[PDB]
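Here are the chains, one letter per residue:
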Amino acid sequence: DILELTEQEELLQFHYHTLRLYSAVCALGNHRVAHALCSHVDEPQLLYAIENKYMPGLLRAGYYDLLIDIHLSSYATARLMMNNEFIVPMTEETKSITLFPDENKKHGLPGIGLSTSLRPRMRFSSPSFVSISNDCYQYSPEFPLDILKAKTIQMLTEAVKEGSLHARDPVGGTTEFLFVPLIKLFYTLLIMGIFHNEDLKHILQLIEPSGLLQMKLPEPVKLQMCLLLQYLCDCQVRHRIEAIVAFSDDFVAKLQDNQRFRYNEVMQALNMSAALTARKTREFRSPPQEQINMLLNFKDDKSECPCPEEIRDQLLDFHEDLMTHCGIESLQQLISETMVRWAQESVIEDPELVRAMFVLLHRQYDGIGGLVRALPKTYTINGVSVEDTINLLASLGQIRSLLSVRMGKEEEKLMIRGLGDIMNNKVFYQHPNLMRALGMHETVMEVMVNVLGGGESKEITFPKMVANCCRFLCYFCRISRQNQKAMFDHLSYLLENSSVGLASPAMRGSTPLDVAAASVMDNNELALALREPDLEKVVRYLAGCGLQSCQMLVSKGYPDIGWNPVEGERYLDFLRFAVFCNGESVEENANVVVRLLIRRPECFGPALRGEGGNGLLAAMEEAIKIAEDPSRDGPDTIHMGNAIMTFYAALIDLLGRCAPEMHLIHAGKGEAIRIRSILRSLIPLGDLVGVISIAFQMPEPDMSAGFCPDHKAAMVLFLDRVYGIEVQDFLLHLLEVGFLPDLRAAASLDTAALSX
Amino acid sequence: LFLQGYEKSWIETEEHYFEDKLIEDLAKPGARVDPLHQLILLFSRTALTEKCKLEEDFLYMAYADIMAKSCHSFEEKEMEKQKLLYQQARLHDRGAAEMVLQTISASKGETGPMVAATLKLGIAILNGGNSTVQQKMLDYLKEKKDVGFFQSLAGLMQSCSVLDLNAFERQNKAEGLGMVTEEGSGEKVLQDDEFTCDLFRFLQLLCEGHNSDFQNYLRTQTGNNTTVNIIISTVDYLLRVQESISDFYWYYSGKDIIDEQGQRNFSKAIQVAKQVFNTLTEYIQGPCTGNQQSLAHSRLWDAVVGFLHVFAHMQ
Amino acid sequence: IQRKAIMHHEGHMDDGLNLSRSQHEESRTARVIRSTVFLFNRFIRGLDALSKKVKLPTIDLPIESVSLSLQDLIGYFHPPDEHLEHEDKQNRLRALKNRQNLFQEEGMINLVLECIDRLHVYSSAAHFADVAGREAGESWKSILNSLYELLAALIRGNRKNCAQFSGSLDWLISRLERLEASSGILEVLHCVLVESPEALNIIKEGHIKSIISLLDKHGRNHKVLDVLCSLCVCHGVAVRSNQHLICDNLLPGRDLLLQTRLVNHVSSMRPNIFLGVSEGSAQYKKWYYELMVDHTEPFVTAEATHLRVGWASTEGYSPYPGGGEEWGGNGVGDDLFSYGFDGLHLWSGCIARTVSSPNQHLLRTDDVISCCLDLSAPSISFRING
Amino acid sequence: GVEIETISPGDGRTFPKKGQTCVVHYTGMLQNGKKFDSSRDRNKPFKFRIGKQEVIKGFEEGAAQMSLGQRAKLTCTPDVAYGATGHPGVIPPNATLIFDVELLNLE
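## Describing helix α1 (residues 2-9) of chain B
Move 1: Among the residues of α1 of chain B, those classed as buried are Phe2, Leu3, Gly5, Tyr6 and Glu7 of chain B.
Move 2: Each element contacted by the buried residues of α1 of chain B is listed here: α8 (219-268), α10 (288-295), α11 (310-325) and α14 (368-374) of chain A.

This is the structure we're talking about:
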């Protein structure tokens, strides 16, 4: 008999530890082992163990925790993760809680009413082993939730009845073993989306009546009590936010037609004056954010208030209702009373319990702080995209669970699948604000730093995971205007490990350096806020790649050139994206980049800068001959001549784009003249025209991984932005040497066109 | 967008007053140890638990703010001073001075919201010439000979905030053409002037009364292995802010027009410099020849020369 | 960077030798490290000279001194009391961490490992006695236990130590099967797996198989289960590979650990009838009776309805017939003192044997059974429906 | 490999046919009597198709030889139930299964 283990100390302890092992082997979202442990113990033996009054107590707690872990912990953790995200639809059920009963002498009970909020769908697969090749066995083992609900309700009633009389043998032994597992099961059940209004009323009928909070409970019991009350206030805050959105729908629906009517009235009774075009530019400009910002400010005597004063009274009524529903001037009062009483009864150990009690007391006394912390995270979407948003939330919860578990092959594959799902979810395109509210970039960055942790330059464990993460982050920053600013903070981090993923022309997209370039790309404000705590790091990386040999090509079989042109190209690409935005050169960024490049001369090519190679002419002719002779390559492959050529072209392009200007400011500023003189001393003009005059062959198709006209295009851009064409002699000269042969080669084309 | 605006400028506009009643009914011994004393002991144990970095601790950041906001024609002045002293007694007879000292020492000299809230609490606990709290702090620092508190103060004074002109020029260039955001958050030019003035006001309140013992302990920490000169750190920060003000004047020298961003940066600089000067006055007041010689044998004369120059030209 | 100092005549005006007082705690710790490394090198040299080949017994083998030194070092690294002041406990924790860091940064853990290897090269205490002597063979067990306790205490609280020596887990788990220091090896494994997440990345399938074989050999020990729990979850994160390996290699055959079932309560009824045989006065040795059933559900709640009928013996001429004790799943036929029949099988000794019969089935409703029994030559017999 | 032992006759009239979702109620157990699976525990039957390659052969080929309301003991072999690899975690390698197959409904 299992009850005989009360006296046997060995078997008691060993079975308690094997129950703890059953719990730990499937604690997190591991369902392939839960599907085994269910039958390995039983389906209804868990009920019998939580149901039996005669238990040693250790086995009782073990069986309770085992039931929680193998039947409820997965969905409990899913809801705990997606619990602070208040995603609301726009269906008519949302507009039904516009009353949020607070007036006429009633406040309501926490958890009673309508949810109408986006929550993860729960489902439990049926445990069956005669079914060979089950579909997924990924959700959870199935359990009779209703039977467990009735059983735990009646047992909680019996347990509080027994504890009210202070017996000498509580169930399982101590009052700890009596209460803690039972109230933990009840807490996770209330979490996992059961105890509808009917049963929740009966539950509150044993803690509310003014009970369970009046007994002399130990520390591990009152800790679970504090957690339960914290959830009871969390659902109340959720109801508050739902009511806020319900009222806001109709309020903004009225206000939109009100402002449209006033705009049409101005259109009709225009009556031309000087302030009319000012009102027109105010209506056209001032995007909806600052439009709402201006039309919502009336608390003092007089300020900027529009004509619709009638809706202001409704707004004041709703705000007053909100303030009287909040903690400012009975659940909050009773929770506060219980917390202060528990603190005054005796000195409390368990600093975790003390902290939980105090944060509960503080949030009950504050009330509004939950609102100002949760309103930045709430978001209403639609009544048509509900299933798409549900799929998005499910994939995000999968990503969060995979982040919680350790990284492996199957974990990496599942994370890649989840990233693909959230990229093709079709809501990522429409609502990026919701993406920032959920914090998808945050979790993806956490996954990326967990993958990158462990190795600096020796080996990057779990490859292609950082790649999928960087691609997702690139696309997230791409389809936006403020996600770039939100991600700019992580740029200072990812620039340190930006060296990974380079030296491999297989991922021109996903890379930390490329996601940095995408975050600063096409954003003047970010290009200006990009100060230099990291530009110096970038030029240091460029210097290192220009000095060393990257120790990656000698392993493949390359001739070990004394400098790396594949990482320098990417570094110069990032510097170009940071210095040249929207068609104009950022002045101070160009200045500091030039300063760093002239203080560290090893950033340029060895055959162009230094006491060795002559200049760009000889450098690029050497590059062409390296491209021509296959004896200096690696036996899709990296053509070393082409790499040197694109590196020099990217350096020339960066210098031309970091040129001061096309002389608008240079006609009056001296530092512009100094920077132009430095650029001219670096790159001469004869070198430029000689490099322009190469007369590339134009083919029977050929390969596009050689000398491409993009090099001479960058040369022309540098010549135009630094030297320019202003005198007839040099103009005709250049036109004769470089432009006529290229134009003739481009005109010699009838049908076979392979190089656009 | 309506909900975002409502969250932004409708709800957090000082719509509650509960700190005093909260501190009162937490300090009430309903019956041992009071709940407020238990909370202070919890914070002290958390600060004494040796780690590598001071955690965020939203609990502490939310409770230090409350305990600081709880605090604050002759009879009414005396009565309000006595009420302030009573509140300070209520919330420091349970060891809040030790809590502030431990939280400052457990930051290793790194600017953060925890340090900001702790300095606000120290200011609210040392408002006026409260000598009891100063004596408690001095006895604690002497009976626990630790240099971590002093090096954390030195690091904070060395890396709190200084005006820069490059960021202001970049902000000007941004607001010249970019109308997507208007750059409503005027930051990156003076990072946290609130924290800077809070730190220097905390030092001023530490040396508020003419405590020769504390004025000498802030100069030479006798009994400790290594000593750091808080006076020299303060005069160095004064020189730095003087150079920053001089550069900002050189920038705004010639156009004879000061925009609202310029005026706000001027006002923040003036407030920070005034707080630094008040701290120096509280350091040197009384016949404290130690601090007097320390200020006379430093770069204070160059700082005051530059200050006189900028004063004349700006006025 | 190694700027070797050289004493030259002229000197340069840039030395600036500033002093640091080298806190008494650190000084005492360093001198203790020196004394312990000296004594341990002495013991290692002695044991190496003894093991490599037979040598003169005129060697330095301080068995008693090294035992006392281990007993002192264990108390030196003893953790502080949990029922103490918070501030003093934190100070003692910091001092213990400093001592552990100083012992690690001077090459002491590898020294202990070398001593442990040179002690484990011998098989048993009797095997060590004839080689080292009576006292050394007597206290070799104590020395090994103290060395393993010291190795565990050096790494109990610290994390850098575990993350540094984690490469010795292969040797640890290989020596785990010495049958003699299993407790110490398991404790070291537990304290190195509970703190360092680097250790879980090098625990392969072979190590888990070896730990499970240890559980299968040494018996039921909860320390093995705690080590398995630490392997499954280290710090708030799960290892799916380790969890799957545990689930596959720990409970495939259900013999490694206890099993459990939910069985029914069965009851044994009888009339006041006793049938015994002896020489002289007998009872004709032939009896018979019948059976009908009114209502019988096949499965009342969850399992098959236990229903058997037959004849049970006793302990000679006494009451209290066969059965284990009471109230278990033991009806009739579940032991050697009982013989039962359930409709389809025959039960004798908790071993059911199948039989053939026209329309064979369980004791369903409207089933007339007839039980006959002859005592001397034949045995009991059953007739279903005639 | 698959066999059947009649436990309670089910009138021997209606038999499962190809292309039906049959309703079964089973409790399994290993060779040594250790229970490993059942359907009376979760209080719900098991609905499975015949000839759709979803249930193990030792179960489907044995259920195809039963009648409505019939109880049987189905004994399997490793090569017909799980093979030399068994079920990871539950069934050991080369384990013979025993089922109390009771036929509830035919659809």
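## What about the interface of chain B and chain A?
Move 1: Between chain B and chain A, the contact holds 42 residues from the first and 52 residues from the second.
Move 2: Taking both partners together, chain B and chain A bury about 4,400 Å²; carbon and sulfur atoms supply 63% of that area.
Move 3: Here chain B is connected to chain A by five salt bridges.
Move 4: One salt bridge connects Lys173 of chain B with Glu587 of chain A, and the closest N-O pair in it is separated by 2.5 Å.
Move 5: Put simply, chain B and chain A have 15 residue pairs in polar contact between them.
Move 6: If you list the elements that add at least two residues to the side of chain B that touches chain A, you get α1, α2 (19-27), α3 (35-48), α4 (58-70) and α10 (165-177) of chain B.
Move 7: In terms of residue count, the dominant contributor to the side of chain B that touches chain A is α1 of chain B (seven residues).

## Some details on the interface of chain A and chain D
Many analyses report the size of an interface as the accessible area lost when the parts associate.
Move 1: Taken together, the contacts link 14 residues of chain A with 17 residues of chain D.
Move 2: Of the roughly 1,500 Å² buried where chain A meets chain D, counting both sides, 54% is carbon and sulfur surface.
Move 3: For the chain A face of the interface with chain D, the top three residues by lost area are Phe129, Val130 and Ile132 of chain A, together amounting to 43%.
Move 4: Taken together, chain A and chain D are joined by two salt bridges.
Move 5: Linking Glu142 of chain A and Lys44 of chain D is a salt bridge whose minimum nitrogen-to-oxygen distance equals 2.9 Å.
Move 6: For the pair chain A and chain D, the number of links is nine residue pairs in polar contact.
Move 7: Here the side of chain A that touches chain D is built from residues that sort into six nonpolar, five polar and three charged.

## Structural notes on the arrangement of the chains
Move 1: Once contacts are tallied for each of the five pairs of chains in contact, the highest total is for chains A and B.
Move 2: No interface is formed between chain B and chain D, the nearest pair of C-alpha atoms being 42 Å apart.

How each quantity is defined
Residues numbered from 1 in each chain as written, not as in the entry; some residues may be left out. Chains lettered and ligands numbered in written order. Part of a larger assembly, values for the part shown. Heavy atoms only, no water. Residues with missing side-chain atoms left out of burial classes, pairs and counts. Buried < 20%, exposed > 50% of the residue type's maximum accessible area, 1.4 Å probe, protein only. Helix = DSSP H or I, 4+ residues; strand = E, 2+ residues; numbered from the N terminus. Contact = heavy atoms within 4.5 Å. Buried area = accessible area lost by both parts, 1.4 Å probe. Salt bridge = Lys/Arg side-chain N within 4 Å of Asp/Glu carboxyl O. Polar contact = N/O pair within 3.5 Å; in protein donor to acceptor, adjacent residues only side chain to side chain. Nonpolar A, V, L, I, M, F, W, Y, C, P; charged D, E, K, R; others polar.

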